[PDB]
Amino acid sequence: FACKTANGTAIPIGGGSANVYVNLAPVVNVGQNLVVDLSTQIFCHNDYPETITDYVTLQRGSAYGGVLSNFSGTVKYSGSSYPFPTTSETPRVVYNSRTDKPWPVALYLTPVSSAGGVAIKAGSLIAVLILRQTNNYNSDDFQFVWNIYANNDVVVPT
């Protein structure tokens, strides 16, 4: 089981970490949503799908930088909504093909009432997402860590 990003960065069998740089709306008003759709960035596959089934969860998700200070939000995993920063591990998603398939995660972040000015500085870490892989054959519990960085500033007009 391994995972790759869009621009090529990869995390091998056994786990590891990588940096994903995401584009954000340059301007977002209080009450609007800022969307980070990782389903178009992170892709994972099962290296022996014929006999084995891979199980993937969001073990935790955490907010950093300006998203922590100036945003509320939720994460949507495989059809269901959960708070972000995360308060529990999510249900499992199955990976059963050697073909790279997306990780169905999306962050919805909305500036809070007191938000104003520059709320996210470009290049800064805005979240960390921990993907947990297990399977149906052994006790493997692997962590694929994704450090999410902003490609641009985000301004919340006041």
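From 1 onward, residues are counted along the sequence shown.
S.K.: With reference to the PDB entry, specify whether the mean Cα temperature factor is higher for 97 to 105 or for 57 to 65.
M.R.: Looking at the record's C-alpha B-factors, the answer is 97 to 105.
S.K.: Which of the two stretches, 7 to 15 or 20 to 28, shows the higher mean Cα temperature factor in the record?
M.R.: Averaged over C-alpha atoms, the B-factors run higher in 7 to 15.
S.K.: Between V112, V118, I42, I130, where does the Cα B-factor run highest in the record?
M.R.: Highest C-alpha B-factor among the listed residues goes to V112.
S.K.: Place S78 in the lowest, middle or highest third of its chain's C-alpha B-factors, as listed in the PDB entry.
M.R.: Highest third - that is where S78 ends up once the chain's C-alpha B-factors are sorted.
S.K.: Rank-wise, by C-alpha B-factor, drop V36 into the lowest, middle or highest third of its chain.
M.R.: As the PDB entry reports it, the C-alpha B-factor of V36 lands in the highest third of its chain.
S.K.: C-alpha B factor of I126, ranked within the chain: lowest, middle or highest third?
M.R.: For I126, whose C-alpha B-factor we compare with every modelled residue in the chain, the answer is the middle third.
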